[PDB]
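Please read the structure below before turning to the comments.
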2 protein chains.
Amino acid sequence: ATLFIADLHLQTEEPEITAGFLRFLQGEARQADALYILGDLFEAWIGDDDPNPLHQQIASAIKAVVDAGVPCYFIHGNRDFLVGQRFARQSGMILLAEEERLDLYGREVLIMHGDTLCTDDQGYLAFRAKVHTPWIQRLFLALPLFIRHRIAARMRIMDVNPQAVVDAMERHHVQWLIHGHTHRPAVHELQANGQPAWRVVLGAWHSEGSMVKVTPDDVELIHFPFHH
Amino acid sequence: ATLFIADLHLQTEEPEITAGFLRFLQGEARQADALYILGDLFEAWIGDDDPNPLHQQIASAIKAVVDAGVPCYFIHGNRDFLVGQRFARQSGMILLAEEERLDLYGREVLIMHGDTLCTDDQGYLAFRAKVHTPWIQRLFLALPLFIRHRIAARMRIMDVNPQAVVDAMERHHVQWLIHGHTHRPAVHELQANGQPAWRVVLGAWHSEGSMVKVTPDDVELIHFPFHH
Ligand SMILES: CN(c1ccccc1C(=O)Nc1ccc(S(=O)(=O)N2CCCCC2)cc1)S(C)(=O)=O
Ligand SMILES: CN(c1ccccc1C(=O)Nc1ccc(S(=O)(=O)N2CCCCC2)cc1)S(C)(=O)=O
Ligand SMILES: [Mn+2]
Ligand SMILES: [Mn+2]
Ligand SMILES: [Mn+2]
Ligand SMILES: [Mn+2]
């Protein structure tokens, strides 16, 4: 099976979610063919030089999975778009583009975080266009750590636009889309490419985790409580 | 694994949902230890003497499962409370009470349809108390079929009360509850019996089916599209 997760929003203040993630990594993930993390792995990210110990605990847990023969992949979310090549290296994770078209046992599937589908929030889209500008990023990342922390400190979810969904599945000519961002776990049926299509939406990790499990014959969205 | 499903609302007008159910019965269900159907298997029921061919197609598909060594069980919903011992016999299904406390590989779990938890709808609860009165049922069931059909024809969802949930899990001293009715698939965490508790809610069958799969170590809520 190939596994997809998203919207863990991992942080120092929620160790319970972190332990549920580490349980997942040490059991479920080890049996998989591949693990894809579709963004918002972290609640925030101000650069790979942050010495936050949570960041290394996570990179090490993912790296163990990678080193067991299970490739892990990462698509950025809106929370963690600054995750960079040094984190990739520490984690063993391969950074992917904002949209990837995969081939899972013969089935073609589009993966993305899902924030780009939220076209009714121009407030957000304006923000995203800015923070995706490389010179703006590199500016931020050139600041001393202590100034970046204070900038984030200061800065303290629209559903998808149905048409944006259809447009994305039609650009890639796919009948399957997996995404997160919206925190509304569900399987949807629509039409794309003159045919039945499915959009599978992952949940955020709070009381429960969620994953999409793709096998040769089946696609399942699975929720699991943190009970052990 | 032990499987739980609910809220299929099967009917003549939705053959697609019926085929998705029959797929499920012929694959997934055959590998299970037991299958529990927690109510609203049918969109309506006016008695086991209804000759609706859908009713026999379903009973035969369930009976095949039962005859393969997989016991099936049924708790009534609000839609199909008149399902009776003749349908049980045709289907091989065992009729259970409105609340059952099960033992699944050592774990104690409460199952119910879930309409009884909806105590903020007195409109419904009044209705339910009436249609659960045996003399009222037997009256209805004594009518000629054609009159019952016309009575149903004339008759053309509140979420749970959180306290009613806690009260139910505390009456049975359980940390696990599985139910349907509300059509809001989710895993919830609460407190019961001074401890962590989980309520797992099944979805209705529309574009997707849903099931709770209980194994010795895990409880998962699974959604699956009808894609094959
Ligand atoms: C949907 N999100 C937004 C909606 C409208 C506008 C902005 C956002 C948004 O993602 N904001 C946001 C705020 C802070 C972060 S951060 O990781 O702390 N960091 C990014 C690098 C610059 C400093 C801030 C990352 C993202 S939300 C509600 O989750 O924050
Ligand atoms: C939650 N349900 C109710 C809410 C308020 C009041 C009543 C109901 C309700 O379940 N009504 C209802 C109506 C008809 C049926 S029936 O199967 O067709 N049949 C039952 C036997 C008597 C004749 C009608 C079964 C149930 S709902 C909205 O699903 O119908
Ligand atoms: Mn998120
Ligand atoms: Mn997001
Ligand atoms: Mn129902
Ligand atoms: Mn119901």
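So basically every Cβ, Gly included, is an ideal-geometry build from the backbone, and we count neighbours across all protein chains shown. Read the figures in this text as sums done on the coordinates, not as results from a lab.
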Column: log10 I(q)/I(0), Debye, Cα scatterers of the protein assembly as shown, q = 0.10, 0.11, 0.13 Å⁻¹: -0.80, -0.94, -1.22
Kirkwood Rh (inverse of mean 1/r, distinct Cα pairs), the range A:86-152, angstrom: 15.0 Å
Counting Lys and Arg as +1 and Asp and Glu as -1 over every other residue whose Cβ sits under 11 Å from the Cβ of A:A152, the net charge comes to +3
Of B:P53, B:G77, B:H188, whose Cα points farthest to the positive end of the dipole of the range B:44-195 (charges on the beta-carbon: +1 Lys, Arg; -1 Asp, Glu; origin at the Cα centre)? B:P53
What does the charge add up to near A:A61, with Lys and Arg as +1, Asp and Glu as -1, over the other residues with Cβ less than 14 Å from its Cβ? +1
Once the mean 1/r over all distinct Cα pairs of chain B is inverted, what Kirkwood radius in angstroms do you read off? 18.1 Å
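Where does each of B:218-224, A:117-123 land if you order them by average Cβ count within 10 Å, highest first? Provide the component values of the computation, followed by the final result.
On the way: B:218-224: 21.0, A:117-123: 15.4.
Packing order, densest peptide first, comes out as B:218-224, A:117-123.
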Can you tell me which of A:39-50, B:48-59 comes out highest on packing, and rank the rest after it, using the mean Cβ neighbours within 10 Å? A:39-50, B:48-59
Least to most buried among B:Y73, B:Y105, by other C-beta atoms within 10 Å and fewest first, runs B:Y105, B:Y73
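Of B:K63/B:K130; B:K130/B:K213; B:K63/B:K213, which sit over 24 Å apart, Cα to Cα?
Working: B:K63/B:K130 32 Å; B:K130/B:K213 34 Å; B:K63/B:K213 21 Å.
Violating the 24 Å limit, Cα to Cα: B:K63/B:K130; B:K130/B:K213.
May I ask you to sort A:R138, A:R86, A:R107 by Cβ crowding, counting other Cβ atoms within 10 Å and putting the fewest first? Walk me through the intermediate numbers first.
Working: A:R138 9, A:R86 12, A:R107 16.
So the residues, fewest neighbours to most, are A:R138, A:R86, A:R107.
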Counting only other chains, and only Cβ atoms inside 10 Å, what mean value do you get across the residues of A:216-224? 6
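Counting only other residues whose beta carbon sits under 12 Å from that of A:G77, what net charge do I get with K and R as +1, D and E as -1?
Working: positive: A:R79, A:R128; negative: A:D7, A:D40, A:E43, A:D80, A:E98, A:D115.
In short, -4.
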Length gained, B:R107-B:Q26, 0.36 nm per residue minus C-alpha separation, equals 26.4 nm
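Enter the per residue convex hull volume of the range A:44-144, computed from alpha-carbon coordinates, in Å³ rounded to the nearest integer. Could the numbers behind the result be given before it?
On the way: hull volume 10.9 nm³, N = 101.
In the range A:44-144, the Cα convex hull volume per residue is 108 Å³.
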Rounded to the nearest 0.05, what FRET efficiency do B:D67 and B:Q122 give with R0 = 51 Å and r taken as the Cβ-Cβ distance? Could you check? 0.75
Only helical DSSP H runs with n ≥ 4 go in: add -39500 (n - 2.57) per run for chain B, normalise by residue count and round the 222 nm mean residue ellipticity to 500 deg cm²/dmol. -9500 deg cm²/dmol
For the range A:201-228 and the range B:1-80, write down the distance between their C-alpha centroids in whole Å. 25 Å
